[PDB]
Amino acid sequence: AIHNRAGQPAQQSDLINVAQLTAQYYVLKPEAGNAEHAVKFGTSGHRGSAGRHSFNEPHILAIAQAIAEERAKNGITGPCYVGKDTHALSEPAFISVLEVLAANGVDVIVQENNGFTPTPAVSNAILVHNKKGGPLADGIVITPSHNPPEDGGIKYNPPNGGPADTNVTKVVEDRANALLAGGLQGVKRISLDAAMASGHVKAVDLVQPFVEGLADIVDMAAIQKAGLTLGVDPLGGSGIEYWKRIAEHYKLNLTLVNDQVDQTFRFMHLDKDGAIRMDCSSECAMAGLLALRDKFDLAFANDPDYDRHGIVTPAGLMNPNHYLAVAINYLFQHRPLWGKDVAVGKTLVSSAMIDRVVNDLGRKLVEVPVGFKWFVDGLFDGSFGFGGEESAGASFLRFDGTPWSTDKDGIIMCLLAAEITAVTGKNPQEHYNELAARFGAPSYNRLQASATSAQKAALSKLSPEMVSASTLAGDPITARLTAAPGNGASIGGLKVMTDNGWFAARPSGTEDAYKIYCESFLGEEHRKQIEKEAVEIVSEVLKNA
């Protein structure tokens, strides 16, 4: 809570001019020779804003062309599910995608009545389609997640239903930039009217199959029976009709605390930094729902692409790590059809409460570097029952151990909290309190500082031997890691562990800086000692960089 208007309702002065920004998509163009305006198409696709010359018609035409080409080269001939969120720029982007996909002879499936579609609803659609064993489906999701109102995003999900990885994204990025440099000569395009008349664009209801399918992944009958008073802040996002449909279809006492869809997102409370950001895990952004927390047994919210979740109880907004540990602890004791081998995916900076829970359940922990990409294959083939990120995104398998969404799914994570409460009679925070009473209440913190460009490079080229420390804050070190133990993938940094605590140091992805994540099960003072020693270790190893 840094900003002085953090947590306060947005004011008119905070808001964008939606129609102007949308005009800018068409009338402004990336600058020849300007790297800031180029396509940057990564793990979350390409994001930017029309007013900054970084999310405009030429970008989306170029990206859509590159995706059409790539998918064809990869032998994908089934439909492309194209979903969009509630950001303003998702509308012009969606149209550009249809124009180019249809021109390249791609069969596109869209939500009818220009509706909105969660990331996991695209993932789920792809998976359900491909299970049929015919021509392969893939998809595009037109969202910048929880970015502010002026931003747009677009990303690709290949036939395994998860985010595209760098083997695809880099080729797409280079191709799109080549097309921009070429004045879009290589872009094939037809008018929106022609695309709709072409037969290549099919409008369907994606909502009902997804909503009815939930019964195959969450215990909707136990939820119904419990008769809980449930609340949701849809945060003006892409799954607002999904929540309404879930309440209707499952006859739940589930109340939307507001039902606003507004491309200025003016209904939002401002985030910690005074911006309008639809972050379901942020206390400031969640101030609206938190002021009503006493009215519900359980409440929740989702970011605009509905791949992330925030869990509220009368006690407040749960810490996302705390919830992951509780979700895992519950699922692995309440999913008998999951094979003995089905494993638990965890990122290296997530809480070691996860480790403790997993060890207690006699289940395999597969620790991976940060990034949901590391869970996709294991969710897909059913070897990971669960994969989550401490950034409040996770997914888990259907009851029968087959995948539901291989991208993160905020809806199943929220409904899982309701299942937990219903089946056990205790909400997820009460469950966390019991974990803390059993194992101790860990103290977690993140630090950051500048590094020179050379130091930042050095930090990602360490070897365990470069670290001679044998103790960390009074305990014997049990591991010094530069690769994730679960999958052997490089951390691009360092993790050091003891039985009582750990730290991980990683370069920042966007600045010449590094971050240190650390956690102690002995408390605040012990954690502060870990911090001091982590900084000492990192300084020593980068001293010559």
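Residue indices: 1-based, along the sequence shown.
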{"query": "Of 287-295 and 88-96, the one with larger mean CA B-factor", "finding": "287-295"}
{"query": "504-512 set against 41-49, stretch whose average Cα temperature factor tops the other in the entry", "finding": "504-512"}
{"query": "Out of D303, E465, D409, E419, highest CA B-factor residue", "finding": "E465"}
{"query": "Among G310, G186, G236, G345 - the residue whose C-alpha B-factor is largest in the record", "finding": "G186"}
{"query": "Ranked against its chain, the third holding the CA B-factor of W338", "finding": "highest"}
{"query": "Third of chain Cα B-factors occupied by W374", "finding": "middle"}
{"query": "Ranked against its chain, the third holding the CA B-factor of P135", "finding": "highest"}
{"query": "Third of chain Cα B-factors occupied by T402", "finding": "middle"}
{"query": "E31 - Cα temperature factor, lowest/middle/highest third of chain", "finding": "highest"}
